[PDB]
């Protein structure tokens, strides 16, 4: 894995902001895209754009082959058994919402439990809150340990014979914890529940094998893994998707349409109303080819290196608190003691450094950590040790700068 060679593939990194080299450490909000992806989109709009699934004219055929080819790339990428299990959506949020609407809201009665965890992104909270409100079921939260991980015992405790759904993140965007999805699936299934995995933060960073994880549903977002904006995937087990009603209706997903009643296509088209996201899906194909050429295990190893290096260098700074465990994905959430995270991020941007400050779409988790906001930095396959050095230096400098102003005003 050569990082110089990889960085040469990302045009956006070769620029300055505020007079300094850009240092992009915001990949957990959105990743950057290599030439291969961008040029895939260009080629699509310049040469073979058309509507798909009609195949009566040449361009339409090319477009169709690109689009369904991309479906097959997604299938191999997460190791699903069939393309019928791979549905293209607007992104992880929409995917999770489809499950909550079409699965939860048709199969929850009073009595039923939906169990989430406290570390969940909002996409994996609000749909369930709304499903339980609409059906008079009840929502339960699996508690967290002191280091922000989840114990399987707490899981065994929370899920009972009344649990219909367990909804959890593979990887937390805030704590960087990697949840024990495979064991949690076995637990859920023992109690007769399905598991829905939010795989937004795992898919870009590590091999996903839905047959190994044994999850029922699994959601991911293109923009987090070098892909075009605007597109995501829902994987679901063919037997469950066969029994779910579509979330949206219109052309493309129907077979026969009468005045009053209509029948649906086979999977996957049953779940794709309207002209699909053609170019974004083909670009996502391109992103997958790119990551598979580097190797997901290689990417994973790289991320291990950067995260370990960052935890060490953060521990060398006084007055910084890091949240989450030792074993983690490639991100660090943190606060400078006595400086608000928004201020940290703005000062960091004056040095060319892009990080996130705020609630990270995890307000319940913010409350659990006992804070209003945090700062967060995330590494990806284009990041280096040098970049973490610049971050720690700028945090040192920020500490000095705020203290100096405080002391100055004190006199």
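Positions refer to the first chain, counted from 1.
Can you tell me whether 343-351 has a higher mean C-alpha B factor than 66-74 in this record, or the other way round?
If you average the C-alpha B-factors of 343-351 and of 66-74, the larger mean comes out for 343-351.
Averaging C-alpha B-factors over each stretch, which comes out higher, 325-333 or 86-94?
According to the PDB entry, the answer is 325-333.
Of 121, 207, 270, 133, which one's C-alpha B factor is largest in the deposited record?
Of the options given, 133 has the highest CA B-factor in the PDB entry.
From 158, 202, 221, 275, which pick has the Cα B-factor that tops the rest in the entry?
So the option with the highest C-alpha B-factor is 158.
Taking the C-alpha B-factors as the PDB entry records them, is residue 55 in the lowest, middle or highest third of its chain?
According to the entry, residue 55 has a C-alpha B-factor in the chain's highest third.
Lowest, middle or highest third: where is residue 6 by Cα B-factor in its chain?
Its C-alpha B-factor belongs to the lowest third of this chain's values.
How does residue 40 rank on Cα B-factor within its chain, lowest, middle or highest third?
Lowest third.
Divide the modelled residues of the chain into thirds by Cα B-factor and specify which third, lowest, middle or highest, holds residue 388.
Its C-alpha B-factor belongs to the middle third of this chain's values.
Grab the CA temperature factor for residue 304 from the record and place it in the lowest, middle or highest third of its chain.
Ranked within chain, residue 304 CA B lands in the middle tercile.
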